[PDB]
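One chain comes next, on its own, written out as structure tokens in the form deposited in one PDB entry.
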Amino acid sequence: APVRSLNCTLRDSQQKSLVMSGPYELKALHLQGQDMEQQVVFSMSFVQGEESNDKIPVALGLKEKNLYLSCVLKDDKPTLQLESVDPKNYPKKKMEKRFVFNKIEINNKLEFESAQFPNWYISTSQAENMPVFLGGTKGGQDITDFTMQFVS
């Protein structure tokens, strides 16, 4: 049947919100009050892929935009990008692998691993107003843990 999707926001474990930073760029910053309207709302689709109790394959599209987070090699490195798609054809249950993240629940937090690039994760910096990026460890100074908020 159709693909099932939920509207949501994400915040990193330091409670930074995600906003735009150009036509295809996301940054993370501390946000509260009026400025919270600036945060990106995702449509999280539950897609085809290997699945277990705590590891759920999803795609992350921007709400009512034909833009998806994707993982590709750029200048020979696994990188995160926002990629446009044909709005007639998306979302779909069989999303291409570059669009698929494994949403992993550990200790009441979420990690989003690239399905395409094992052990590469959606990451934020500790500094304010820096890009969201794909980081090659769920270790170290960069942040790989998030919480989800459900949106109407």
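The first residue of the sequence shown is number 1, and the count goes up from there. Rigid core here is just the name for the largest C-alpha set that superposes within 1.5 Å across the two forms.
Annotation for 143 to 151 versus 1 to 9: the higher mean temperature factor (C-alpha) is found in 1 to 9. The question of which stretch, 64 to 72 or 51 to 59, has the higher mean Cα B factor is settled in favour of 51 to 59.
The entry assigns its greatest Cα B factor, within the set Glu83, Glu96, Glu111, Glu37, to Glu37.
Ranking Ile106, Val100, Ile122, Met44 by Cα temperature factor from the entry places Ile106 first.
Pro118: CA B factor in the lowest third of modelled residues in this chain (values from the PDB entry).
Sorting the modelled residues of the chain by their CA temperature factor places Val19 in the middle third.
The same protein also has a form solved in complex with a partner chain, omitted here; what follows describes it.
Interface residue remark: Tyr68 is counted as part of the site for the partner chain in the bound PDB entry, having a heavy atom within 4.5 Å.
With a 4.5 Å cutoff on heavy atoms, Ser123 does not count as touching the partner chain in the bound PDB entry; it lies far away.
In the core-aligned comparison between the shown form and the other one, the C-alpha of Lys65 is the only one from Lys103, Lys109, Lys97, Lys65 that shifts by 2 Å or more.
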